[PDB]
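First up is the structure itself, then whatever we jot down about it.
Counting neighbours? That spans all protein chains shown, and the Cβs are built from the backbone with ideal geometry, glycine included. All of the numbers you see were taken from the coordinates with simple rules; none came from a lab.
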Amino acid sequence: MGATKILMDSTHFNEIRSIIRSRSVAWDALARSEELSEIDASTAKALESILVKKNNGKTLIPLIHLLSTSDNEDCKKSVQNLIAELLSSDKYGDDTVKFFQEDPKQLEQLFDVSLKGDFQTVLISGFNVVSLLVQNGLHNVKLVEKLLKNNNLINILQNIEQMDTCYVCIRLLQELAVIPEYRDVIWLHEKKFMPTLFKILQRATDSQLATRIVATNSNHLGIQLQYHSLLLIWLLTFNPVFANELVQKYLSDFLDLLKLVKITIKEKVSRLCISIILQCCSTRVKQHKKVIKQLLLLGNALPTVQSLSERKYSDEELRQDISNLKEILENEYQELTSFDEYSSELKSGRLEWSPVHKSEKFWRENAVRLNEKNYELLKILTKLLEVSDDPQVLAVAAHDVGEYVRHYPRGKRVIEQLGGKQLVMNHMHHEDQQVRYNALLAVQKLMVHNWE
């Protein structure tokens, strides 16, 4: 119905909250320096009393007075805790936000130091800021426009050796960027802190169950951090422009993103780990059919990506899309027009292993059409073969010679236009293992074919 209650999870984000709630300083004298009021003096000190359960609102007027009075450092976050807890009281409700949201000015005087100053300052500050910003009876957009640019807040999102700060910075963001209004705009402002995520995940390169320094690690924080990070990163992207850009921005950084589940996974990772690449290939945006090529070329996990599929998982919500992934991922590579692409790259003069060609059963299916073509540009590939420096080109020369294994001997005589056996022999003396493995196959082809 009204304002919700969020983030009852953490300890770091929850430790100072208890640090302040559990105790309370007597404000009876705190109106002596006039930090508090003198006429409306029965409420500021009345905190722990009004916290109790007994028999909207009944004090909406005076509070603004001391709100305005609040123009100094320390008590800011104790009162922030007070506001947070009291607004987390259903009996006293939160409908007074519909009165605040006329033109909230309580925020501004709390802002130009919030997101800045000491750590715990911003930590305590952010909660009500966001939890009311989410309320939309009035433009919160300019409010977040102020809240975005800062100096220390960037540090609060930069502390990566210590993970306490960015944690909340981004959990509250997750609860924040749900609505497109703020989603898009804030994305228009943070296009440099992705490295945040990058470390938040790249750490797993070396890991062990009973190691590292964490107490009560991931009951609610340890990898709840990763949960946040990933869920936000994908969540926000649903504007087609977003992923459309980011993909070209950081292809490689999200290339190994596939590795996210290559070895290790836990409960909640499943649905998400690749559910973004889902969006990275969806049929609703530009380059939705253009880049994943290289993803596959450098990945090759595709067989093991399938191998991820069969091992049944408890949840229905993930079998459909995981299947969708492979099916679409097969209906283009097997459809990767072979001689079209082959002759294209050949006439290009620049080449990579291009392992499509070696995967050749469907390519030999019409190799007779290559005999038609008679591959005289392969006579040119001979010229390419005398002198070589690219390992890919050099080795694929042998591979290209060798595919005759599934091809009729009617190619044997056109080969007989070739046949100086010392050529591929001297090449055999080129023993570089990386090529030598299939150089064995090459030099071997002639004689077993004689068997063939």
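In the stretch 253-278, the qualifying residues are those that are outside any loop (DSSP other than H, G, I, E, B) and among the polar types (S, T, N, Q), and the one that is nearest to the chain's Cα centre (by Cα) is 275. The single condition among (1) on the phi > 0 side of the Ramachandran plot; (2) among the β-branched types (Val, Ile, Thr); (3) part of a helix (DSSP H, G or I) that residue 200 does not satisfy is (1). Just one of the listed residues (124, 160) is part of a helix (DSSP H, G or I) and either among the hydrophobic types (A, V, I, L, M, F, W, C) or surrounded by fewer than 19 Cβ atoms within 10 Å (Cβ to Cβ) (or both), and it is 124. For the stretch 350-406, the helices (runs of 4 or more DSSP H) that sit wholly inside it and include 2 or more residues that are of a type in the set (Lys, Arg) are 361-364, 367-373, 376-386. In the stretch 47-81, the qualifying residues are those that are among the basic types (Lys, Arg) and within 21 Å of residue 20 (Cα to Cα), and the one that is surrounded by the fewest Cβ atoms within 10 Å (Cβ to Cβ) is 53.
Inside the stretch 425-446, residues that are over 48 Å from the mean Cα position of the chain (by Cα) and surrounded by 13 or more Cβ atoms within 10 Å (Cβ to Cβ) make up a count of 1. So, in the stretch 332-342, of the ones that are out of contact with any helix residue (DSSP H, G or I) (no Cβ under 7 Å at 6 or more places or on another chain) and in a helix (DSSP H, G or I), which residue ends up surrounded by the most Cβ atoms within 10 Å (Cβ to Cβ)? Selected residue: 342.
Among 260, 302, which is the only one that is surrounded by 14 or more Cβ atoms within 10 Å (Cβ to Cβ), of a type in the set (A, V, I, L, M, F, W, C) and over 28 Å from residue 192 (Cβ atoms)? Steps first, answer last, please.
On the way: 260 fails: over 28 Å from residue 192 (Cβ atoms).
Within the list 260, 302, the selection yields 302.
Counting only residues that are of a type outside the set (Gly, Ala, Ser) and assigned to a loop (DSSP other than H, G, I, E, B), the stretch 128-157 holds 10 of them. Residues of the stretch 166-200 that are of a type in the set (A, V, I, L, M), surrounded by fewer than 20 Cβ atoms within 10 Å (Cβ to Cβ) and within 14 Å of the chain's Cα centre (by Cα): 194 alone. Only one entry in 84, 44 is among the aliphatic types (A, V, I, L, M), assigned to a helix (DSSP H, G or I) and either out of contact with any helix residue (DSSP H, G or I) (no Cβ under 6 Å at 6 or more places or on another chain) or within 20 Å of residue 17 (Cα to Cα) (or both), namely 84. Just a yes or no: is a residue in the stretch 314-331 surrounded by 10 or more Cβ atoms within 10 Å (Cβ to Cβ), under 26 Å from the mean Cα position of the chain (by Cα), not aromatic (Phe, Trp, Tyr) and not in a helix (DSSP H, G or I)? Yes - at least one qualifying residue is present in the stretch 314-331. Out of 101, 109, 120, one residue alone is closer than 18 Å to residue 4 by Cβ and among the polar types (S, T, N, Q). It is 101.
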